[PDB]
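To start, the structure under review is shown below, and the notes come after it.
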Number of protein chains: 2
Amino acid sequence: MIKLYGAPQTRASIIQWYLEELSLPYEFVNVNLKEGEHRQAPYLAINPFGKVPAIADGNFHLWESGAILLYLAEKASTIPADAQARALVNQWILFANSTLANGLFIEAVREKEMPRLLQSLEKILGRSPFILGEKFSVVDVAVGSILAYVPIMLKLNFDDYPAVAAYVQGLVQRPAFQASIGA
Amino acid sequence: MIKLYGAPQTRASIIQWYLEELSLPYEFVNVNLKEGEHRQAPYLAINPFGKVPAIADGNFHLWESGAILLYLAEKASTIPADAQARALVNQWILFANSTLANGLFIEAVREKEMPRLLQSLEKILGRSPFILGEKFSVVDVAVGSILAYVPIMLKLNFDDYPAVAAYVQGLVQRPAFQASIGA
Ligand SMILES: N[C@@H](CCC(=O)N[C@@H](CS)C(=O)NCC(=O)O)C(=O)O
Ligand SMILES: N[C@@H](CCC(=O)N[C@@H](CS)C(=O)NCC(=O)O)C(=O)O
(Lines give C-alpha, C1' and ligand atoms only; values in the text may rest on other atoms or scores of the structure.)
(Ligands and ions follow the chains in the order given, each with its own letter.)
Protein backbone atom coordinates (compact mmCIF):
# COMPACT_ATOMS: atom_id res chain seq x y z
CA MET A 1 0.00 0.00 0.00
CA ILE A 2 1.01 3.69 -0.20
CA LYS A 3 3.18 4.84 2.75
CA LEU A 4 2.64 8.51 3.65
CA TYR A 5 5.44 10.27 5.60
CA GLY A 6 4.10 13.08 7.72
CA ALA A 7 3.83 14.73 11.12
CA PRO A 8 1.05 16.44 13.11
CA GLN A 9 -0.16 19.82 11.81
CA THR A 10 1.59 19.59 8.44
CA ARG A 11 0.49 19.37 4.78
CA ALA A 12 0.44 15.55 5.20
CA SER A 13 -3.23 16.18 6.33
CA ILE A 14 -4.05 17.39 2.78
CA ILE A 15 -2.86 14.02 1.41
CA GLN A 16 -4.84 12.19 4.14
CA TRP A 17 -7.99 14.08 3.00
CA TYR A 18 -7.50 12.99 -0.64
CA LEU A 19 -6.75 9.34 0.43
CA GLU A 20 -10.05 9.48 2.42
CA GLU A 21 -11.90 10.84 -0.65
CA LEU A 22 -10.44 8.02 -2.80
CA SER A 23 -11.17 5.36 -0.08
CA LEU A 24 -7.57 4.09 -0.36
CA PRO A 25 -5.75 2.28 2.44
CA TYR A 26 -2.31 3.59 3.40
CA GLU A 27 0.33 3.40 6.12
CA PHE A 28 1.01 6.62 8.03
CA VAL A 29 4.71 6.96 8.92
CA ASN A 30 5.30 9.67 11.52
CA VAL A 31 8.52 11.67 11.04
CA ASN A 32 9.63 13.40 14.27
CA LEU A 33 10.30 16.95 12.99
CA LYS A 34 10.66 18.28 16.57
CA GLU A 35 13.70 16.01 17.15
CA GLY A 36 15.15 16.45 13.63
CA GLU A 37 14.36 12.99 12.21
CA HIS A 38 13.66 14.67 8.81
CA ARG A 39 17.29 15.95 8.70
CA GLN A 40 18.94 12.50 9.05
CA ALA A 41 20.15 10.17 6.27
CA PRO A 42 17.14 7.71 6.28
CA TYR A 43 14.53 10.48 5.70
CA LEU A 44 16.86 12.42 3.35
CA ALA A 45 16.93 9.28 1.17
CA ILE A 46 13.10 9.74 0.70
CA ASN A 47 13.12 13.58 0.32
CA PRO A 48 16.64 15.11 -0.01
CA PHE A 49 15.16 18.47 1.10
CA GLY A 50 13.91 16.99 4.42
CA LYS A 51 10.28 18.04 4.07
CA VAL A 52 6.98 16.25 4.64
CA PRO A 53 4.80 15.03 3.07
CA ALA A 54 6.39 12.32 0.96
CA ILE A 55 5.04 8.94 -0.19
CA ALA A 56 6.52 5.55 -1.06
CA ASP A 57 4.56 3.27 -3.43
CA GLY A 58 6.73 0.18 -3.61
CA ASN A 59 10.21 1.29 -4.73
CA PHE A 60 8.78 4.62 -6.03
CA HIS A 61 9.24 7.70 -3.80
CA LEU A 62 7.68 11.13 -4.34
CA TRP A 63 7.65 14.43 -2.46
CA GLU A 64 5.84 17.86 -2.76
CA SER A 65 2.19 17.68 -1.60
CA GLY A 66 1.02 18.98 -5.01
CA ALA A 67 2.89 16.26 -6.96
CA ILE A 68 1.54 13.60 -4.55
CA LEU A 69 -2.05 14.84 -5.16
CA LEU A 70 -1.58 14.76 -8.98
CA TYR A 71 -0.01 11.28 -8.77
CA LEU A 72 -2.83 9.82 -6.67
CA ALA A 73 -5.43 11.48 -9.00
CA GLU A 74 -3.73 9.97 -12.09
CA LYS A 75 -3.49 6.50 -10.49
CA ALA A 76 -7.18 6.58 -9.53
CA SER A 77 -8.33 7.77 -13.01
CA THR A 78 -10.59 5.40 -14.96
CA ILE A 79 -10.65 7.31 -18.28
CA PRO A 80 -7.33 8.02 -20.06
CA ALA A 81 -6.54 11.75 -20.03
CA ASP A 82 -4.64 13.91 -22.51
CA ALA A 83 -1.89 16.56 -21.88
CA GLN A 84 -4.55 19.37 -21.85
CA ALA A 85 -6.83 17.70 -19.28
CA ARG A 86 -3.81 17.02 -17.00
CA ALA A 87 -2.57 20.61 -17.64
CA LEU A 88 -5.79 22.20 -16.31
CA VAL A 89 -5.47 20.09 -13.12
CA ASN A 90 -1.70 20.95 -12.87
CA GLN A 91 -2.61 24.65 -13.28
CA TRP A 92 -4.83 24.63 -10.18
CA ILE A 93 -2.35 22.57 -8.12
CA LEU A 94 0.53 25.01 -8.98
CA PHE A 95 -1.90 27.90 -8.18
CA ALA A 96 -2.75 26.44 -4.73
CA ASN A 97 0.95 25.83 -3.94
CA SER A 98 2.31 29.20 -5.08
CA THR A 99 0.06 32.14 -6.18
CA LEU A 100 -2.76 31.37 -3.74
CA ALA A 101 -0.73 30.24 -0.67
CA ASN A 102 1.69 33.18 -1.10
CA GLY A 103 -1.02 35.80 -1.58
CA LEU A 104 -2.93 34.68 1.51
CA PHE A 105 -0.12 33.78 3.93
CA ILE A 106 2.86 36.12 3.16
CA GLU A 107 2.26 39.17 5.38
CA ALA A 108 4.17 41.61 3.10
CA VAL A 109 1.88 40.88 0.11
CA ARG A 110 -1.41 39.84 1.83
CA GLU A 111 -3.14 43.29 1.96
CA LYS A 112 -2.89 43.71 -1.81
CA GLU A 113 -3.12 40.05 -2.98
CA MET A 114 -5.65 38.38 -0.68
CA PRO A 115 -8.71 40.57 -1.68
CA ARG A 116 -7.86 40.15 -5.40
CA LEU A 117 -7.53 36.34 -5.11
CA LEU A 118 -10.79 36.02 -3.17
CA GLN A 119 -12.64 38.37 -5.57
CA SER A 120 -11.55 36.21 -8.52
CA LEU A 121 -12.47 32.97 -6.69
CA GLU A 122 -15.88 34.52 -5.76
CA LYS A 123 -16.67 34.90 -9.49
CA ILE A 124 -15.66 31.30 -10.25
CA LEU A 125 -17.38 29.72 -7.23
CA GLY A 126 -20.55 31.79 -7.74
CA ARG A 127 -20.96 30.13 -11.16
CA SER A 128 -20.24 26.49 -10.20
CA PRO A 129 -20.25 24.36 -7.02
CA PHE A 130 -16.63 23.18 -7.50
CA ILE A 131 -13.54 24.71 -9.20
CA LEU A 132 -13.79 22.49 -12.31
CA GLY A 133 -17.60 22.57 -12.46
CA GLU A 134 -20.35 20.36 -11.05
CA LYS A 135 -18.05 17.58 -9.74
CA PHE A 136 -15.66 17.64 -6.72
CA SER A 137 -12.05 16.83 -7.72
CA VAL A 138 -8.41 16.83 -6.51
CA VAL A 139 -8.39 20.55 -7.47
CA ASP A 140 -10.86 21.22 -4.61
CA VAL A 141 -8.55 19.37 -2.19
CA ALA A 142 -5.57 21.51 -3.33
CA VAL A 143 -7.32 24.93 -3.40
CA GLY A 144 -9.82 24.14 -0.65
CA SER A 145 -7.15 23.08 1.87
CA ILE A 146 -5.36 26.42 1.49
CA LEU A 147 -8.61 28.40 1.91
CA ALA A 148 -9.65 26.26 4.91
CA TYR A 149 -6.38 27.21 6.67
CA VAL A 150 -7.33 30.96 6.52
CA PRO A 151 -9.71 30.91 9.58
CA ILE A 152 -7.46 28.29 11.26
CA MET A 153 -4.10 30.15 10.98
CA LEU A 154 -4.99 33.80 10.23
CA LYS A 155 -8.22 34.13 12.35
CA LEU A 156 -9.78 35.82 9.21
CA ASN A 157 -13.11 34.89 7.56
CA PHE A 158 -14.81 34.85 4.12
CA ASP A 159 -17.82 37.01 5.19
CA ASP A 160 -17.28 39.44 2.29
CA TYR A 161 -17.19 36.54 -0.24
CA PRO A 162 -20.38 34.49 0.19
CA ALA A 163 -19.74 31.94 -2.60
CA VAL A 164 -16.15 31.32 -1.26
CA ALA A 165 -17.57 31.08 2.31
CA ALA A 166 -20.23 28.50 1.20
CA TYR A 167 -17.66 26.52 -0.81
CA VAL A 168 -15.24 26.28 2.16
CA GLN A 169 -18.14 25.38 4.51
CA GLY A 170 -19.24 22.62 2.11
CA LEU A 171 -15.68 21.22 2.03
CA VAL A 172 -15.20 21.34 5.84
CA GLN A 173 -18.53 19.42 6.27
CA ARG A 174 -17.44 16.52 4.00
CA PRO A 175 -16.95 13.31 6.06
CA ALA A 176 -13.54 12.77 4.37
CA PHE A 177 -12.40 16.25 5.48
CA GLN A 178 -13.66 15.71 9.05
CA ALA A 179 -11.69 12.40 9.19
CA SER A 180 -8.42 14.22 8.23
CA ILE A 181 -7.79 18.08 8.40
CA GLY A 182 -10.92 18.59 10.49
CA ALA A 183 -9.90 15.97 13.08
CA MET B 1 2.14 28.32 -32.98
CA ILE B 2 1.91 28.80 -29.18
CA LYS B 3 1.02 32.37 -28.06
CA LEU B 4 2.96 33.40 -24.92
CA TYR B 5 1.60 36.28 -22.81
CA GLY B 6 4.41 37.91 -20.88
CA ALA B 7 6.03 41.14 -19.70
CA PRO B 8 9.55 42.48 -19.03
CA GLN B 9 11.34 41.09 -15.98
CA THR B 10 8.80 38.33 -15.27
CA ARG B 11 8.59 34.48 -15.21
CA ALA B 12 7.35 34.64 -18.83
CA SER B 13 11.08 34.58 -19.81
CA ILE B 14 11.31 31.10 -18.20
CA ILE B 15 8.70 29.86 -20.71
CA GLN B 16 10.52 31.63 -23.55
CA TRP B 17 13.73 29.82 -22.44
CA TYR B 18 12.06 26.39 -22.60
CA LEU B 19 10.41 27.16 -25.99
CA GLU B 20 13.89 28.08 -27.34
CA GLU B 21 15.37 24.84 -25.88
CA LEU B 22 12.63 22.91 -27.72
CA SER B 23 13.31 24.91 -30.97
CA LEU B 24 9.60 25.81 -31.09
CA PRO B 25 8.29 29.04 -32.57
CA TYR B 26 5.93 31.21 -30.49
CA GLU B 27 4.03 34.49 -30.85
CA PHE B 28 5.04 36.69 -27.90
CA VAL B 29 2.38 39.12 -26.65
CA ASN B 30 3.39 41.81 -24.15
CA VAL B 31 0.91 42.52 -21.36
CA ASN B 32 1.50 46.03 -19.99
CA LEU B 33 1.54 45.38 -16.22
CA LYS B 34 2.64 48.97 -15.49
CA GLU B 35 -0.61 50.22 -17.11
CA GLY B 36 -2.87 47.51 -15.59
CA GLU B 37 -3.53 45.61 -18.83
CA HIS B 38 -3.41 42.30 -16.88
CA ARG B 39 -6.49 43.49 -14.84
CA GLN B 40 -8.63 44.29 -17.93
CA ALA B 41 -11.35 41.94 -19.21
CA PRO B 42 -9.42 40.47 -22.23
CA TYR B 43 -6.51 39.28 -20.03
CA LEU B 44 -8.78 38.17 -17.13
CA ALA B 45 -10.54 35.91 -19.71
CA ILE B 46 -7.10 34.17 -20.14
CA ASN B 47 -5.98 34.14 -16.48
CA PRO B 48 -8.74 35.18 -14.02
CA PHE B 49 -6.05 35.95 -11.43
CA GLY B 50 -4.37 38.51 -13.76
CA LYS B 51 -0.87 37.03 -13.73
CA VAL B 52 1.71 36.37 -16.47
CA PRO B 53 2.76 34.04 -17.95
CA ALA B 54 -0.12 32.40 -19.77
CA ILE B 55 -0.22 30.57 -23.12
CA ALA B 56 -2.79 29.87 -25.81
CA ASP B 57 -2.26 26.71 -27.90
CA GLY B 58 -5.05 27.13 -30.45
CA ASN B 59 -8.28 27.33 -28.43
CA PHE B 60 -6.61 25.93 -25.26
CA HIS B 61 -5.43 28.46 -22.62
CA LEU B 62 -3.22 27.73 -19.62
CA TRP B 63 -1.69 29.76 -16.79
CA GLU B 64 0.92 29.09 -13.96
CA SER B 65 4.51 28.97 -15.30
CA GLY B 66 4.97 25.52 -13.75
CA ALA B 67 1.90 24.06 -15.45
CA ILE B 68 2.95 25.63 -18.78
CA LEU B 69 6.43 24.02 -18.49
CA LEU B 70 4.89 20.58 -17.73
CA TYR B 71 2.45 20.96 -20.63
CA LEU B 72 5.18 21.92 -23.15
CA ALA B 73 7.37 19.02 -21.89
CA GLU B 74 4.47 16.55 -22.34
CA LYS B 75 3.65 17.87 -25.84
CA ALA B 76 7.33 17.64 -26.94
CA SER B 77 7.83 14.10 -25.55
CA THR B 78 8.49 11.36 -28.13
CA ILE B 79 8.38 8.45 -25.64
CA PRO B 80 5.02 8.08 -23.86
CA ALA B 81 5.42 8.34 -20.08
CA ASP B 82 3.44 6.83 -17.21
CA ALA B 83 2.19 8.50 -13.98
CA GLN B 84 5.52 7.91 -12.13
CA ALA B 85 7.73 9.51 -14.79
CA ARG B 86 5.38 12.53 -14.96
CA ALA B 87 5.25 12.61 -11.12
CA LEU B 88 9.03 13.02 -10.81
CA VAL B 89 8.97 15.99 -13.19
CA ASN B 90 5.84 17.41 -11.38
CA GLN B 91 7.73 17.10 -8.04
CA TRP B 92 10.62 19.27 -9.25
CA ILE B 93 8.30 21.86 -10.85
CA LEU B 94 6.23 22.19 -7.62
CA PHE B 95 9.55 22.40 -5.63
CA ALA B 96 10.84 25.24 -7.88
CA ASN B 97 7.53 27.15 -7.54
CA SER B 98 7.09 26.73 -3.79
CA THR B 99 9.73 25.19 -1.47
CA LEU B 100 12.75 26.51 -3.39
CA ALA B 101 11.49 30.03 -4.32
CA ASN B 102 10.09 30.58 -0.80
CA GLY B 103 13.20 29.37 1.02
CA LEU B 104 15.47 31.62 -1.04
CA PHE B 105 13.35 34.78 -1.49
CA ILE B 106 11.35 35.10 1.78
CA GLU B 107 13.51 37.19 4.15
CA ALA B 108 11.93 35.75 7.35
CA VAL B 109 12.82 32.13 6.45
CA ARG B 110 15.97 32.63 4.27
CA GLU B 111 18.55 32.32 7.10
CA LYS B 112 17.40 28.80 8.02
CA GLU B 113 16.06 27.59 4.62
CA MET B 114 18.61 28.85 2.07
CA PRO B 115 21.72 26.89 3.36
CA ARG B 116 19.65 23.67 3.63
CA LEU B 117 18.25 24.03 0.10
CA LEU B 118 21.65 24.85 -1.39
CA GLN B 119 23.44 22.07 0.51
CA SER B 120 20.91 19.53 -0.84
CA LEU B 121 21.17 20.85 -4.41
CA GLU B 122 25.01 20.87 -4.10
CA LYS B 123 25.03 17.14 -3.26
CA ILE B 124 22.78 16.32 -6.25
CA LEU B 125 24.65 18.59 -8.72
CA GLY B 126 28.06 17.32 -7.55
CA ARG B 127 26.98 13.80 -8.77
CA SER B 128 25.42 14.63 -12.17
CA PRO B 129 25.59 17.58 -14.60
CA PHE B 130 21.81 18.16 -14.53
CA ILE B 131 19.09 17.58 -11.90
CA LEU B 132 17.69 14.38 -13.48
CA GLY B 133 21.12 13.02 -14.48
CA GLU B 134 23.19 13.28 -17.64
CA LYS B 135 20.61 15.11 -19.76
CA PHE B 136 19.25 18.65 -19.56
CA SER B 137 15.48 18.69 -18.98
CA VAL B 138 12.48 20.95 -18.18
CA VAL B 139 13.47 20.45 -14.48
CA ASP B 140 16.68 22.42 -15.13
CA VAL B 141 14.58 25.25 -16.62
CA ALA B 142 12.28 25.26 -13.54
CA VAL B 143 14.98 24.98 -10.82
CA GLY B 144 17.82 26.68 -12.69
CA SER B 145 15.77 29.83 -13.45
CA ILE B 146 15.11 30.32 -9.73
CA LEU B 147 18.79 29.76 -8.82
CA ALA B 148 19.93 32.18 -11.58
CA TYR B 149 17.79 34.97 -9.97
CA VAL B 150 19.72 34.72 -6.65
CA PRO B 151 22.68 36.99 -7.70
CA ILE B 152 20.25 39.35 -9.50
CA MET B 153 17.74 39.93 -6.67
CA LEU B 154 19.59 39.04 -3.42
CA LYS B 155 23.16 40.22 -4.22
CA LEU B 156 24.32 36.77 -3.03
CA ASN B 157 26.59 34.27 -4.79
CA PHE B 158 27.21 30.51 -4.83
CA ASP B 159 30.90 30.70 -3.66
CA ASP B 160 30.19 28.16 -0.92
CA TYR B 161 28.32 25.78 -3.33
CA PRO B 162 30.72 25.11 -6.24
CA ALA B 163 28.55 22.54 -8.08
CA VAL B 164 25.53 24.93 -7.82
CA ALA B 165 27.76 27.80 -9.08
CA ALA B 166 29.09 25.78 -12.06
CA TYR B 167 25.58 24.46 -12.88
CA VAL B 168 24.12 28.04 -12.93
CA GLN B 169 27.12 29.33 -14.93
CA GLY B 170 26.50 26.58 -17.51
CA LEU B 171 22.75 27.35 -17.77
CA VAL B 172 23.30 31.12 -18.20
CA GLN B 173 25.76 30.44 -21.10
CA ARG B 174 23.21 28.29 -23.00
CA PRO B 175 22.19 29.97 -26.31
CA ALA B 176 18.46 29.46 -25.49
CA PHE B 177 18.92 31.16 -22.09
CA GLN B 178 20.78 34.06 -23.74
CA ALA B 179 17.94 34.45 -26.28
CA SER B 180 15.36 34.70 -23.44
CA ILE B 181 16.28 35.49 -19.75
CA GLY B 182 19.71 36.87 -20.74
CA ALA B 183 18.21 39.09 -23.49
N1 LIG C 1 5.87 22.85 -0.95
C2 LIG C 1 6.00 21.72 0.03
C3 LIG C 1 6.26 22.27 1.43
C4 LIG C 1 6.53 21.18 2.45
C5 LIG C 1 6.89 21.73 3.82
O6 LIG C 1 7.27 22.89 3.97
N7 LIG C 1 6.80 20.87 4.83
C8 LIG C 1 7.11 21.25 6.20
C9 LIG C 1 5.95 20.99 7.15
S10 LIG C 1 4.32 21.56 6.60
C11 LIG C 1 8.38 20.57 6.73
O12 LIG C 1 8.58 19.38 6.48
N13 LIG C 1 9.22 21.32 7.44
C14 LIG C 1 10.45 20.76 7.98
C15 LIG C 1 11.65 21.69 7.83
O16 LIG C 1 11.57 22.61 7.01
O17 LIG C 1 12.65 21.44 8.52
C18 LIG C 1 4.75 20.85 -0.04
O19 LIG C 1 3.68 21.41 -0.37
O20 LIG C 1 4.88 19.61 0.19
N1 LIG D 1 2.97 31.21 -9.54
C2 LIG D 1 2.78 32.10 -10.72
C3 LIG D 1 3.21 33.52 -10.38
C4 LIG D 1 2.96 34.50 -11.52
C5 LIG D 1 3.28 35.93 -11.13
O6 LIG D 1 3.40 36.28 -9.96
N7 LIG D 1 3.38 36.80 -12.14
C8 LIG D 1 3.61 38.21 -11.94
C9 LIG D 1 4.86 38.70 -12.66
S10 LIG D 1 6.38 37.77 -12.30
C11 LIG D 1 2.40 39.08 -12.32
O12 LIG D 1 1.81 38.85 -13.37
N13 LIG D 1 2.03 40.03 -11.45
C14 LIG D 1 0.91 40.91 -11.73
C15 LIG D 1 0.09 41.21 -10.47
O16 LIG D 1 0.34 40.53 -9.46
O17 LIG D 1 -0.79 42.10 -10.55
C18 LIG D 1 3.61 31.54 -11.89
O19 LIG D 1 4.65 30.92 -11.60
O20 LIG D 1 3.18 31.75 -13.04
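Cβ placement follows ideal geometry from the backbone for every residue including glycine, while neighbour counts extend to all protein chains displayed. Basis: the model, the stated rules and, where named, an outside source; none is laboratory data.
Descriptive notes on the structure:
- Pair list, Cβ under 6 Å, 6 or more apart: the range B:90-104 residue more than 7 Å from every other protein chain (Cβ to nearest Cβ) and assigned to a helix (DSSP H, G or I), other residue surrounded by fewer than 24 Cβ atoms within 10 Å (Cβ to Cβ) and not hydrophobic (A, V, I, L, M, F, W, C): B:103/B:113
- Taking the numbered list (1) out of contact with any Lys or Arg (no Cβ under 9 Å at 6 or more places or on another chain); (2) within 16 Å of ligand 1 (Cβ to nearest atom); (3) within 30 Å of residue B:56 (Cα to Cα) in turn, residue A:145 passes all entries but (1).
- Scanning the range A:157-183 for residues that are crowded, with 18+ Cβ neighbours inside 10 Å and of a type in the set (S, T, N, Q) yields a count of 1.
- On inspection, residue A:3 does not qualify as part of a loop (DSSP other than H, G, I, E, B) and surrounded by 15 or more Cβ atoms within 10 Å (Cβ to Cβ).
- Hits in the range B:108-122 - residues which are more than 10 Å from chain A (Cβ to nearest Cβ) and either crowded, with 16+ Cβ neighbours inside 10 Å or touching a residue at least 60 places away in the same chain (Cβ under 8 Å) (or both): B:110, B:114, B:118, B:122
- Screening residue B:49 against (1) within 9 Å of ligand 2 (Cβ to nearest atom); (2) under 15 Å from the mean Cα position of the chain (by Cα); (3) surrounded by fewer than 22 Cβ atoms within 10 Å (Cβ to Cβ) leaves a single unmet condition, (2).
- Across the range A:86-116, the qualifying residues are those that are of a type in the set (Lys, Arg) and within 12 Å of ligand 2 (Cβ to nearest atom), and the one among them that is farthest from residue B:73 (Cα to Cα) is A:112.
This table checks each residue for (1) basic (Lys, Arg); (2) away from ligand 1 (no atom under 16 Å from the Cβ).
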residue	(1), (2)
A:105	no, no
A:112	yes, yes
A:126	no, yes
A:131	no, yes
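- For the criterion of being under 19 Å from the mean Cα position of the chain (by Cα), acidic (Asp, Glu) and farther than 23 Å from residue A:38 by Cβ, residue B:74 passes.
- All conditions in (1) within 21 Å of residue A:113 (Cα to Cα); (2) facing chain A (nearest Cβ under 9 Å) hold for residue B:46, with the sole exception of (2).
- Summed over the range B:54-81, the residues that are aromatic (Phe, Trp, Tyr) and either part of a helix (DSSP H, G or I) or within 16 Å of ligand 1 (Cβ to nearest atom) (or both) give a count of 1.
- Number of the exception - residue A:60 against (1) more than 8 Å from chain B (Cβ to nearest Cβ); (2) over 30 Å from residue A:156 (Cβ atoms); (3) hydrophobic (A, V, I, L, M, F, W, C): (1)
- Sole residue being among the small types (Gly, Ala, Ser) and in contact (Cβ under 8 Å) with a residue 12 or more places away in the chain, chosen from A:58, A:6: A:6
- Any pair with Cβ under 8 angstrom, 6 or more apart, that starts in the range A:160-178 at a residue that is outside the structural domain of residue A:16 (by CATH) and ends at one that is surrounded by fewer than 18 Cβ atoms within 10 Å (Cβ to Cβ) and outside any helix (DSSP H, G or I): A:165/A:157; A:165/A:159; A:167/A:129; A:170/A:129; A:172/A:182
- Residues that are surrounded by 21 or more Cβ atoms within 10 Å (Cβ to Cβ), in contact with a strand residue (DSSP E or B) (Cβ under 7 Å, 6 or more places away or on another chain) and of a type in the set (S, T, N, Q), drawn from the range A:70-107: A:91
Let's see how each residue does on (1) outside the structural domain of residue A:138 (by CATH); (2) over 18 Å from residue A:10 (Cα atoms):
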| site | (1), (2) |
| --- | --- |
| A:31 | yes, no |
| A:41 | yes, yes |
| A:65 | yes, no |
| A:97 | no, no |
